[PDB]
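These notes concern the structure reproduced below.
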Amino acid sequence: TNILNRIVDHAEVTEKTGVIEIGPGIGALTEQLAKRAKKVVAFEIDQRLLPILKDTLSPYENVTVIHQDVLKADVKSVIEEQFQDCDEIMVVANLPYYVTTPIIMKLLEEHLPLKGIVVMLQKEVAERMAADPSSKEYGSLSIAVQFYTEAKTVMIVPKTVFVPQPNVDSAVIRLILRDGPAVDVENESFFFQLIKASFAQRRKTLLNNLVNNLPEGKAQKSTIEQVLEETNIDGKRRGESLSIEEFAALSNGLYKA
Amino acid sequence: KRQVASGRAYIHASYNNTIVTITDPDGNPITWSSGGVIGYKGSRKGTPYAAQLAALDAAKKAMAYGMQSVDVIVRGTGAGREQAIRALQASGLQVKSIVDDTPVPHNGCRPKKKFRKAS
Amino acid sequence: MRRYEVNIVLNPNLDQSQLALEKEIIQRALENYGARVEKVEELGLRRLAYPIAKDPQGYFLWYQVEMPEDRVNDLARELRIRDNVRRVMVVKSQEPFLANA
Amino acid sequence: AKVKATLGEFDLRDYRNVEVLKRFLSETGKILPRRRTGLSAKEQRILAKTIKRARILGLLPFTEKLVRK
Amino acid sequence: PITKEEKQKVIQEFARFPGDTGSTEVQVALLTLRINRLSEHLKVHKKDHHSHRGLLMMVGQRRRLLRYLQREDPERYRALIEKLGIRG
RNA sequence: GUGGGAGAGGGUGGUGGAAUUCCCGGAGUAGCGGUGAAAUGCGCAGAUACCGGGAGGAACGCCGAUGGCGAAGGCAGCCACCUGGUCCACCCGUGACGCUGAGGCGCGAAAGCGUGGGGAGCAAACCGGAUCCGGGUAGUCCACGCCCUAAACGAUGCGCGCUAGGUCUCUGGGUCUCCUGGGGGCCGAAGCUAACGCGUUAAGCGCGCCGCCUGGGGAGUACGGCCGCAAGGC
RNA sequence: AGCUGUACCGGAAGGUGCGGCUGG
């Protein structure tokens, strides 16, 4: 246990700050969290596990319990409901891995006025690590989770806290939601489509990806090659080299042609 | 309606379902049958009981056309082969010849994942 | 300059004229490539184990030739041009190994 | 009993003597194992080749249909 | 393949004396013939890696025999290499 | 050298059907299809079960073995051509011409890349369902170039000599119930090993040459160099 | 069943495709 202290330290939580917890479970997290924040609100789903939670949190009064999932709920509604005087909001969810991946994004495209998230992930998928372009870890997911925020892994964790014994190591990643988009965007839809078209076959050359994966494409060989020429991107360069600024520029190029 | 009076029967006995079809010597089918027409749905369609029923269903819609003599050719490796056989044998019909015609590949196309790991 | 056996399977549904014509066509083709026939045997018509070109019957001819090796393939290519011939098979003539003494 | 014993002298490499070759075939068009045929290693191997040759020529069946229960 | 007649003629055209069949000269000539034929084969058939190993063995073996012949007696070595047209 | 033998060794040029899918006709039709159970999905422009006629792709069922070949990776429908290695008998020829091998050169399962074709089935990623099933792109295939990794293993480098046997099996030769070569396994003398075990196919007794080790983690990581379009490799 | 080379994961206390091994 007691990892909670170090995670909270990396949360930079203050008294003025409020906290949202998505997978509180037994409330051990909430326990050590309570002594640091004025407002803590917990989303909860398990009808079975709720009664045991209700009585255990009796000592601390600053807690709030909400009985619907993050998926089918308006987070902004809760923020306006409870966080009226609070300065900024952190999130310290430690829920099972297979659930965490969509919800983190979902909180991001909606562009809530929340600053950052501190969350537990698998080591390998640490928002695909630092998302430095020339790496294996670099991906479409990375492009998503740096288009909206600045992420870095503060530390990792072997061994176990909750489960008896896992097989893989875990990490903790810390976030700040950025004020605006990284670079000007003509469309979100086209941009995201271009990302998936580039990353559909990672090993294949960028030119092949654009020609094949992107709709039409076969009729626009000359057009695609020309536009990538004015973009100052080499045809044989792979998707894993292009960066955010690059993809922006390429997306701008591809539209209006 | 055909009054061919003598045809051949085909039994496709799969793992999940059993289908029987009667046809003329030419090869134009006159009627069939299936666990589905009986009224059974889901797993029970594969269960031999539905075979015990569609068995004679063939026969009946066949007496309906006035056929007497039958040739039986069976396919597949369903659990309900043999009991379906004894069935359309004692549905009231004179069976001439019964043959197994389960089609096997001569190491051709690659099967499902479920049907790999063969040594 | 080796010895080979040639098996020809052709259409049984022929009269004297057509089948004869086919015989001299095959003979001429075989002769042109510098081959030399030694024995010719004609087993007429034998039931086929399975239909070949939608016919449960065929006419078999057997040739014992000896000729240069390099041309062999070429001959096999030419004997298959006729629509009547159904199967062509050229094999090295090898010694009759006997068992069950 | 084994097939080999209950026969006369014959040729293995002769891919045309059908009435001896069929007796090396099962009710289905399959080559019998060494157990059923009682042949030595080399003669079995050459017999397989002869079977394949005659079988391609159309004298022997690729398969047959067992008539039983 | 090498038929009997040409192989023979190679033996009795390079024989040091009547009935000589095992001298260095005969071995080298036979290897040269085999190498020529096999090299032609590879010139036509590019993607035959297996026979390339045999070719390498042949070249090495012939090289060893020439090395021995040169070490033992020079003039006969030069006569042989001129007669066979080795090394260009 | 002469006379013979076996074999999924390799490359090239072709044809044989079983099966899946699609198309064109016939007849017939209320459901097919799937799991431990179920649900997506296909069908009145009439599906599956069926018959006949075409198209195309990939692989080669019994034989098939504990079997064979190759230096390894690996190699099975059949025929033809070109070609490598190897074994035995004769004991005919040369007279040490041999072994090993740092670098170099070549080969190198699968996965992956480039320039073009092809695409039946299966299937990463991906699209849906109950929370394994139905589809589906790359890929698997061919030609030419790259990539050079592994439980690339017998976890056992190569060559030669000596040291009890028994049994099974593949393939040769003789004076044929046995004798004598070359392979593949199993029990075991002496001996070796920490033990398991090895034991004429040594992990025994020795000689020759090459490669590699110096406690675990950090780590096959960092920097540098070489190779490659890239992933990456040394 | 486990291990392993490789190639991918926007429902990653690991999952799957192509192989390979018994150190099951």
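To be explicit about the labels: the chains of the structure tokens are called A, B, and onward in the order shown, and within each one the residues are counted from 1, while ligands get numbers from 1 in the order they are shown.
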For chain F versus chain C, which residues have an atom no more than 7 Å away, and what is each residue's nearest atom pair and distance in Å rounded to one decimal, using only C-alpha atoms (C1' of nucleotides), chain-then-number order, as JSON lines?
```
{"residue": "F:79", "atom": "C1'", "partner": "C:90", "partner_atom": "CA", "distance": 6.7}
{"residue": "F:80", "atom": "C1'", "partner": "C:73", "partner_atom": "CA", "distance": 5.7}
{"residue": "F:81", "atom": "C1'", "partner": "C:70", "partner_atom": "CA", "distance": 6.5}
```
Using N, CA and C atoms (P, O5', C5', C4', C3', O3' and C1' of nucleotides), can you export the residues from the last selection as a PDB file, in the first residue's frame?
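Saved file again_2.pdb follows:
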```
ATOM      1  P     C F  79       6.241 -40.043 -61.101  1.00  0.00           P
ATOM      2  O5'   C F  79       6.306 -39.361 -62.541  1.00  0.00           O
ATOM      3  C5'   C F  79       5.690 -39.989 -63.682  1.00  0.00           C
ATOM      4  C4'   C F  79       5.727 -39.080 -64.889  1.00  0.00           C
ATOM      5  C3'   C F  79       7.100 -38.577 -65.300  1.00  0.00           C
ATOM      6  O3'   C F  79       7.830 -39.557 -66.027  1.00  0.00           O
ATOM      7  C1'   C F  79       5.558 -36.786 -65.357  1.00  0.00           C
ATOM      8  P     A F  80       9.413 -39.683 -65.821  1.00  0.00           P
ATOM      9  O5'   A F  80       9.990 -38.527 -66.754  1.00  0.00           O
ATOM     10  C5'   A F  80       9.670 -38.475 -68.158  1.00  0.00           C
ATOM     11  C4'   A F  80      10.076 -37.148 -68.755  1.00  0.00           C
ATOM     12  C3'   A F  80      11.466 -36.640 -68.388  1.00  0.00           C
ATOM     13  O3'   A F  80      12.472 -37.241 -69.190  1.00  0.00           O
ATOM     14  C1'   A F  80       9.901 -34.878 -68.181  1.00  0.00           C
ATOM     15  P     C F  81      13.958 -37.413 -68.616  1.00  0.00           P
ATOM     16  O5'   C F  81      14.579 -35.955 -68.779  1.00  0.00           O
ATOM     17  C5'   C F  81      14.769 -35.366 -70.081  1.00  0.00           C
ATOM     18  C4'   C F  81      15.239 -33.937 -69.956  1.00  0.00           C
ATOM     19  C3'   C F  81      16.483 -33.720 -69.108  1.00  0.00           C
ATOM     20  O3'   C F  81      17.668 -33.903 -69.877  1.00  0.00           O
ATOM     21  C1'   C F  81      14.807 -32.184 -68.450  1.00  0.00           C
TER      22        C F  81
END
```
(request) Write down, as a ChimeraX atom specification, each residue of chain D that has any atom within 8 Å of an atom of chain B, counting only C-alpha atoms. (result) /D:65-69
Please produce an output containing N, CA and C atoms for each residue in the selection, written as a compact mmCIF listing (two decimals), in the first residue's frame.
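So the final result, stored in part_11.txt, reads:
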```txt
# COMPACT_ATOMS: atom_id res chain seq x y z
N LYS D 65 -16.96 -45.78 -52.68
CA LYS D 65 -17.99 -45.53 -51.68
C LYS D 65 -18.35 -46.84 -50.98
N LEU D 66 -18.02 -46.90 -49.68
CA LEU D 66 -18.24 -48.07 -48.85
C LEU D 66 -19.74 -48.30 -48.66
N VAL D 67 -20.17 -49.53 -48.94
CA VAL D 67 -21.58 -49.89 -48.88
C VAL D 67 -21.82 -50.78 -47.66
N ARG D 68 -22.20 -50.12 -46.55
CA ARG D 68 -22.35 -50.75 -45.25
C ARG D 68 -23.27 -49.88 -44.39
N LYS D 69 -23.48 -50.31 -43.13
CA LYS D 69 -24.29 -49.61 -42.14
C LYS D 69 -23.82 -48.16 -41.99
```
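With atom CA of residue A:112 on one side and atom CA of residue A:178 on the other, the separation reads 10.9 Å.
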(request) Mind checking which residues fall within 9 Å of residue F:171, counting only C-alpha atoms (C1' of nucleotides), ignoring those fewer than 2 positions away in the same chain, and posting them as a ChimeraX atom specification? (result) /F:5-6,87,182-183
Taking a cut-off of 8 Å and counting only C-alpha atoms (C1' of nucleotides), can you build a table that, for each residue of chain F near chain D, reports the nearest atom pair and how far apart they are in Å (one decimal), sorted by chain then residue number, as JSON lines?
```
{"residue": "F:16", "atom": "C1'", "partner": "D:56", "partner_atom": "CA", "distance": 5.9}
{"residue": "F:17", "atom": "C1'", "partner": "D:62", "partner_atom": "CA", "distance": 7.2}
{"residue": "F:18", "atom": "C1'", "partner": "D:62", "partner_atom": "CA", "distance": 8.0}
{"residue": "F:62", "atom": "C1'", "partner": "D:30", "partner_atom": "CA", "distance": 4.7}
{"residue": "F:63", "atom": "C1'", "partner": "D:31", "partner_atom": "CA", "distance": 5.4}
{"residue": "F:78", "atom": "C1'", "partner": "D:53", "partner_atom": "CA", "distance": 6.7}
```
Let me see the file: selected residues, C-alpha atoms (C1' of nucleotides), as a PDB file, in the first residue's frame.
```pdb
ATOM      1  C1'   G F  16      -4.264 -35.010 -62.128  1.00  0.00           C
ATOM      2  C1'   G F  17      -8.343 -35.131 -59.138  1.00  0.00           C
ATOM      3  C1'   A F  18     -10.824 -34.451 -53.805  1.00  0.00           C
ATOM      4  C1'   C F  62      -4.795 -43.250 -47.531  1.00  0.00           C
ATOM      5  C1'   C F  63       0.610 -44.950 -48.598  1.00  0.00           C
ATOM      6  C1'   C F  78       2.335 -37.275 -60.946  1.00  0.00           C
TER       7        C F  78
END
```
(message) Tell me as a VMD selection string which residues belonging to chain D come within 9 Å of chain C, counting only C-alpha atoms.
(response) chain D and resid 4 to 5 7 to 14 43 55 57 to 62
(message) Near chain B, meaning an atom within 12 Å, which residues of chain F appear when counting only C-alpha atoms (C1' of nucleotides)? Write them as a PyMOL selection string.
(response) chain F and resi 17-21+26-39+48-52+57-62+77+120-123+132+140
Select from chain E every residue with an atom at most 12 Å from any atom of chain F, then for each give the shortest pair of atoms and their distance in Å to one decimal, using only C-alpha atoms (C1' of nucleotides), rows by chain and rising number, as JSON lines.
```
{"residue": "E:1", "atom": "CA", "partner": "F:82", "partner_atom": "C1'", "distance": 8.2}
{"residue": "E:2", "atom": "CA", "partner": "F:83", "partner_atom": "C1'", "distance": 11.4}
{"residue": "E:4", "atom": "CA", "partner": "F:2", "partner_atom": "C1'", "distance": 10.9}
{"residue": "E:7", "atom": "CA", "partner": "F:1", "partner_atom": "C1'", "distance": 10.8}
{"residue": "E:8", "atom": "CA", "partner": "F:1", "partner_atom": "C1'", "distance": 9.9}
{"residue": "E:11", "atom": "CA", "partner": "F:1", "partner_atom": "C1'", "distance": 9.2}
{"residue": "E:12", "atom": "CA", "partner": "F:1", "partner_atom": "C1'", "distance": 11.6}
{"residue": "E:15", "atom": "CA", "partner": "F:93", "partner_atom": "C1'", "distance": 10.5}
{"residue": "E:16", "atom": "CA", "partner": "F:93", "partner_atom": "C1'", "distance": 10.8}
{"residue": "E:17", "atom": "CA", "partner": "F:93", "partner_atom": "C1'", "distance": 10.8}
{"residue": "E:18", "atom": "CA", "partner": "F:93", "partner_atom": "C1'", "distance": 10.9}
{"residue": "E:19", "atom": "CA", "partner": "F:93", "partner_atom": "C1'", "distance": 8.0}
{"residue": "E:20", "atom": "CA", "partner": "F:93", "partner_atom": "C1'", "distance": 5.9}
{"residue": "E:21", "atom": "CA", "partner": "F:93", "partner_atom": "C1'", "distance": 5.1}
{"residue": "E:22", "atom": "CA", "partner": "F:93", "partner_atom": "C1'", "distance": 4.1}
{"residue": "E:23", "atom": "CA", "partner": "F:94", "partner_atom": "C1'", "distance": 4.6}
{"residue": "E:24", "atom": "CA", "partner": "F:94", "partner_atom": "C1'", "distance": 6.4}
{"residue": "E:25", "atom": "CA", "partner": "F:94", "partner_atom": "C1'", "distance": 9.5}
{"residue": "E:26", "atom": "CA", "partner": "F:94", "partner_atom": "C1'", "distance": 9.8}
{"residue": "E:27", "atom": "CA", "partner": "F:94", "partner_atom": "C1'", "distance": 9.4}
{"residue": "E:28", "atom": "CA", "partner": "F:94", "partner_atom": "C1'", "distance": 11.9}
{"residue": "E:30", "atom": "CA", "partner": "F:1", "partner_atom": "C1'", "distance": 11.3}
{"residue": "E:34", "atom": "CA", "partner": "F:83", "partner_atom": "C1'", "distance": 10.8}
{"residue": "E:35", "atom": "CA", "partner": "F:83", "partner_atom": "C1'", "distance": 11.6}
{"residue": "E:37", "atom": "CA", "partner": "F:83", "partner_atom": "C1'", "distance": 9.5}
{"residue": "E:38", "atom": "CA", "partner": "F:83", "partner_atom": "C1'", "distance": 7.3}
{"residue": "E:39", "atom": "CA", "partner": "F:83", "partner_atom": "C1'", "distance": 10.4}
{"residue": "E:40", "atom": "CA", "partner": "F:82", "partner_atom": "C1'", "distance": 10.2}
{"residue": "E:41", "atom": "CA", "partner": "F:82", "partner_atom": "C1'", "distance": 7.0}
{"residue": "E:42", "atom": "CA", "partner": "F:83", "partner_atom": "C1'", "distance": 9.0}
{"residue": "E:43", "atom": "CA", "partner": "F:82", "partner_atom": "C1'", "distance": 11.8}
{"residue": "E:44", "atom": "CA", "partner": "F:12", "partner_atom": "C1'", "distance": 9.6}
{"residue": "E:45", "atom": "CA", "partner": "F:11", "partner_atom": "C1'", "distance": 6.4}
{"residue": "E:46", "atom": "CA", "partner": "F:11", "partner_atom": "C1'", "distance": 8.3}
{"residue": "E:47", "atom": "CA", "partner": "F:11", "partner_atom": "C1'", "distance": 6.6}
{"residue": "E:48", "atom": "CA", "partner": "F:11", "partner_atom": "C1'", "distance": 5.2}
{"residue": "E:49", "atom": "CA", "partner": "F:107", "partner_atom": "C1'", "distance": 7.1}
{"residue": "E:50", "atom": "CA", "partner": "F:10", "partner_atom": "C1'", "distance": 5.5}
{"residue": "E:51", "atom": "CA", "partner": "F:84", "partner_atom": "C1'", "distance": 4.4}
{"residue": "E:52", "atom": "CA", "partner": "F:84", "partner_atom": "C1'", "distance": 7.8}
{"residue": "E:53", "atom": "CA", "partner": "F:84", "partner_atom": "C1'", "distance": 7.5}
{"residue": "E:54", "atom": "CA", "partner": "F:84", "partner_atom": "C1'", "distance": 5.5}
{"residue": "E:55", "atom": "CA", "partner": "F:84", "partner_atom": "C1'", "distance": 8.2}
{"residue": "E:56", "atom": "CA", "partner": "F:106", "partner_atom": "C1'", "distance": 9.5}
{"residue": "E:57", "atom": "CA", "partner": "F:84", "partner_atom": "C1'", "distance": 10.3}
{"residue": "E:58", "atom": "CA", "partner": "F:84", "partner_atom": "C1'", "distance": 10.8}
{"residue": "E:61", "atom": "CA", "partner": "F:97", "partner_atom": "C1'", "distance": 10.4}
{"residue": "E:62", "atom": "CA", "partner": "F:97", "partner_atom": "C1'", "distance": 11.0}
{"residue": "E:63", "atom": "CA", "partner": "F:97", "partner_atom": "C1'", "distance": 11.1}
{"residue": "E:64", "atom": "CA", "partner": "F:97", "partner_atom": "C1'", "distance": 7.7}
{"residue": "E:65", "atom": "CA", "partner": "F:97", "partner_atom": "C1'", "distance": 6.5}
{"residue": "E:66", "atom": "CA", "partner": "F:97", "partner_atom": "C1'", "distance": 9.4}
{"residue": "E:67", "atom": "CA", "partner": "F:97", "partner_atom": "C1'", "distance": 8.7}
{"residue": "E:68", "atom": "CA", "partner": "F:97", "partner_atom": "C1'", "distance": 5.6}
{"residue": "E:69", "atom": "CA", "partner": "F:97", "partner_atom": "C1'", "distance": 8.2}
{"residue": "E:70", "atom": "CA", "partner": "F:97", "partner_atom": "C1'", "distance": 11.0}
{"residue": "E:71", "atom": "CA", "partner": "F:97", "partner_atom": "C1'", "distance": 9.9}
{"residue": "E:72", "atom": "CA", "partner": "F:97", "partner_atom": "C1'", "distance": 9.5}
```
(message) DSSP on the backbone: which residues in stretch 10-75 of chain A end up as strand (DSSP E)? Give the answer as a list in words.
(response) residues 18, 19, 20, 21, 39, 40, 41, 42, 43, 63, 64, 65 and 66 of chain A
(message) One number please: atom CA of residue A:215 to atom CA of residue A:186, in Å, one decimal.
(response)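 These atoms are spaced 18.7 Å apart.
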(message) Rounded to one decimal, what separation in Å do you get between atom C1' of residue F:129 and atom CA of residue A:48?
(response)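 One can read the atom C1' of residue F:129 to atom CA of residue A:48 distance as 26.5 Å.
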Tell me, counting only C-alpha atoms (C1' of nucleotides), for each residue of chain F within 8 Å of chain A, which pair of atoms is nearest and how far apart they are in Å to one decimal, in rows ordered by chain and increasing number, as a tab-separated table.
```
residue	atom	partner	partner_atom	distance
F:112	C1'	A:203	CA	7.4
F:113	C1'	A:204	CA	7.0
F:125	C1'	A:200	CA	7.3
F:138	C1'	A:201	CA	6.6
F:229	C1'	A:236	CA	7.0
F:230	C1'	A:238	CA	7.4
F:231	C1'	A:203	CA	7.0
```
(request) Please run DSSP on the backbone and report, as a count of residues only, all residues within chain C that come out as alpha helix (DSSP H). (result) 24
(request) Give me, as a list in words, the contact residues of chain G against chain A at a cut-off of 8 Å, counting only C-alpha atoms (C1' of nucleotides). (result)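 Residues satisfying the distance criterion: residues 10, 11, 12, 13 and 14 of chain G.
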What does the file look like for those residues with N, CA, C and O atoms (P, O5', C5', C4', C3', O3' and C1' of nucleotides), as a PDB file, in the first residue's frame?
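What follows is the written file out.pdb:
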```pdb
ATOM      1  P     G G  10      -4.650   1.361 -29.129  1.00  0.00           P
ATOM      2  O5'   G G  10      -6.092   2.049 -28.902  1.00  0.00           O
ATOM      3  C5'   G G  10      -6.899   1.652 -27.764  1.00  0.00           C
ATOM      4  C4'   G G  10      -8.228   2.367 -27.815  1.00  0.00           C
ATOM      5  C3'   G G  10      -9.269   1.801 -28.791  1.00  0.00           C
ATOM      6  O3'   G G  10     -10.567   1.853 -28.213  1.00  0.00           O
ATOM      7  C1'   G G  10      -8.857   4.058 -29.315  1.00  0.00           C
ATOM      8  P     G G  11     -11.485   0.543 -28.180  1.00  0.00           P
ATOM      9  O5'   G G  11     -11.501   0.113 -26.624  1.00  0.00           O
ATOM     10  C5'   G G  11     -10.240  -0.108 -25.943  1.00  0.00           C
ATOM     11  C4'   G G  11     -10.400  -1.178 -24.889  1.00  0.00           C
ATOM     12  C3'   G G  11     -10.477  -2.631 -25.383  1.00  0.00           C
ATOM     13  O3'   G G  11      -9.751  -3.488 -24.508  1.00  0.00           O
ATOM     14  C1'   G G  11     -12.427  -2.101 -24.150  1.00  0.00           C
ATOM     15  P     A G  12      -8.238  -3.911 -24.853  1.00  0.00           P
ATOM     16  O5'   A G  12      -7.773  -4.697 -23.544  1.00  0.00           O
ATOM     17  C5'   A G  12      -7.253  -4.001 -22.391  1.00  0.00           C
ATOM     18  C4'   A G  12      -5.920  -4.587 -21.973  1.00  0.00           C
ATOM     19  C3'   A G  12      -5.231  -3.905 -20.789  1.00  0.00           C
ATOM     20  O3'   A G  12      -4.517  -4.850 -19.988  1.00  0.00           O
ATOM     21  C1'   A G  12      -3.822  -3.798 -22.672  1.00  0.00           C
ATOM     22  P     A G  13      -5.293  -6.012 -19.187  1.00  0.00           P
ATOM     23  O5'   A G  13      -4.372  -6.247 -17.907  1.00  0.00           O
ATOM     24  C5'   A G  13      -4.690  -7.277 -16.948  1.00  0.00           C
ATOM     25  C4'   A G  13      -3.475  -7.617 -16.111  1.00  0.00           C
ATOM     26  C3'   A G  13      -3.568  -8.906 -15.290  1.00  0.00           C
ATOM     27  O3'   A G  13      -2.310  -9.567 -15.243  1.00  0.00           O
ATOM     28  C1'   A G  13      -3.178  -7.082 -13.846  1.00  0.00           C
ATOM     29  P     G G  14      -2.050 -10.856 -16.143  1.00  0.00           P
ATOM     30  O5'   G G  14      -1.092 -10.298 -17.320  1.00  0.00           O
ATOM     31  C5'   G G  14      -1.101 -10.940 -18.621  1.00  0.00           C
ATOM     32  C4'   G G  14      -2.155 -10.287 -19.479  1.00  0.00           C
ATOM     33  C3'   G G  14      -2.384 -10.886 -20.869  1.00  0.00           C
ATOM     34  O3'   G G  14      -3.224 -12.033 -20.847  1.00  0.00           O
ATOM     35  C1'   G G  14      -2.263  -8.528 -21.018  1.00  0.00           C
TER      36        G G  14
END
```
(message) Which residues are close to residue A:222, i.e. within 12 Å by only C-alpha atoms (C1' of nucleotides), leaving aside same-chain residues fewer than 6 positions away? Reply as a PyMOL selection string.
(response) chain A and resi 207+210-211+228-229+235+257
(request) Write out as a ChimeraX atom specification each polymer residue whose atoms come within 6 Å of stretch 199-210 of chain F, counting only C-alpha atoms (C1' of nucleotides); drop sequence neighbours fewer than 2 positions from it. (result) /F:100-101,191-192
(request) For stretch 217-228 of chain F, please output as an MDAnalysis selection string all residues within 9 Å (counting only C-alpha atoms (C1' of nucleotides); exclusion window: fewer than 6 positions along the same chain). (result) chainID F and resid 146:147 234
